[PDB]
Structure formats: C-alpha cells, structure tokens
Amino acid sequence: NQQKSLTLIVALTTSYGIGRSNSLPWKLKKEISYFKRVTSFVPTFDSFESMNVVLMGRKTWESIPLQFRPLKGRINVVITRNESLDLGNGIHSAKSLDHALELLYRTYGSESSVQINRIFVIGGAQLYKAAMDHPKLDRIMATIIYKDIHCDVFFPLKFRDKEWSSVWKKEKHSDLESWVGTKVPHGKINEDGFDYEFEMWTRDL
C-alpha cells in the first residue's frame, strides 16, 4: 500500500475555484501543455522501464474530451465505488485512493516490464479532499489564475493562506524547474486575457 509520495496538480483562481458545469471555465493552451509535460516526464535513463501514474475521480474522467482519453503515455486509474462496469482497455478502476495504491503495487511489481515513477492526483474536488488528508501527500503543483472567474466547485483546503503557512511552503522557481526537469516560464503568462503563474508548494511528512 505504501512507498512513494503523492503529488497533487491543480489550476485554481485566487478564490480557490476549480471548475463550473463539470468543465474548466478557461481555455488555456499553454496550461494544458504544462500539465502534459509535468505528468509525463520521466528521467531519460529510467525512460525505457518507467511510467507515471495519473489518479482521477470518475466525473473528471467523464469530463476529459473523449479525444484526450485515456491520457497518453501515463498509467490512468479512475477512483469510483460504482466501478460496476468501468470501460477501459487496461485503464484501471479502484474504490479508493489507498485501494488504487495497493492495485498499482500488485500490478506493477518487480515482475512487471513497466515500473512506476511518480504518482499524480489530477482531480476533481472530491478526490482532492481525500488526497489532502492522505499521509503521503507532500507536494502541490499549482497554476494560479489571477481572475475571479465564476466557479461552482472549490479546492478544499486554503493552502496558500496565512492559517496554513507553517505547514505549506512555496518553493523557489529553480527548485520547480529541477523537479519537472525542464525550463518553465518564470512569472506571469497571458493567454486569452487570463494572467497566470506556475508554483510548487511542499510540506514535511
């Protein structure tokens, strides 16, 4: 069930809004290419053997443009109690976060030609709530959108605010680039009228 740390990845407004109408309220081309880059990166040496894992809630799974599904070059797991009849040509299903981690550890042992590198939780709000409570979650890759966009779904813990500042710390940009293994734009990007910026936050386990 245990081993590796969990990483959460999220794009949020300064008001912690994360979606509206079971979609993103924004169309941000470069934000999705960042997403793709970060969740896909494995060191070159390790590249033959290893892949990353993306964990998501069922409604997020349903939200991804059918075209984009499943997430290429990543082991995809959908968390669902109502697993009943998942539909996937080797996309896994699991009844909880910890059940997912036991599944991967069983499926991808030292037998397996495929080994796991990093595990990411990619949403939605319900799964984020479970991962924020999980004793192995230590890192948050956030994209901050500097607009009060109308949302109906909110991130569950205000990790950037004063009350959490002795636990969650923002890392220097050079530490961001090192962890994701590529240059990343420092400061604000403007696309389709939205200003936004890339951050990395960590906590001690």
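Think of the rigid core as the biggest set of C-alphas that the two forms share within 1.5 Å after superposition. All residue numbers are counted from 1 along the displayed sequence.
- Looking at 42-50 and 132-140, the one farther from the shown form in 7 other deposited structures of this protein by average CA distance, after a rigid core fit, turns out to be 42-50.
- Stretch 21-29 is the one, of 21-29 and 193-201, whose CA positions lie farther from the shown form in 7 other deposited structures of this protein once all structures are superposed by the rigid core.
- Across the two stretches, 73-81 and 89-97, the PDB entry reports the greater mean Cα temperature factor for 89-97.
- Per-stretch averaging of Cα B factors for 9-17 and 184-192 places 184-192 on top.
- Listed residues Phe41, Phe48, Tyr146, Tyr34 were ranked by CA B-factor as deposited; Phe48 comes out on top.
- Taking the deposited Cα B-factors for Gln67, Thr60, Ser178, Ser166, the highest one is held by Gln67.
- Ranked against the other modelled residues of its chain, the C-alpha B-factor of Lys129 as given in the entry falls in the lowest third.
- Annotation for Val114: CA B-factor lies in the highest third of the chain's modelled residues.
- Sort the modelled residues of the chain by CA B factor and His173 lands in the middle third.
- Sort the modelled residues of the chain by CA B factor and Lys30 lands in the middle third.
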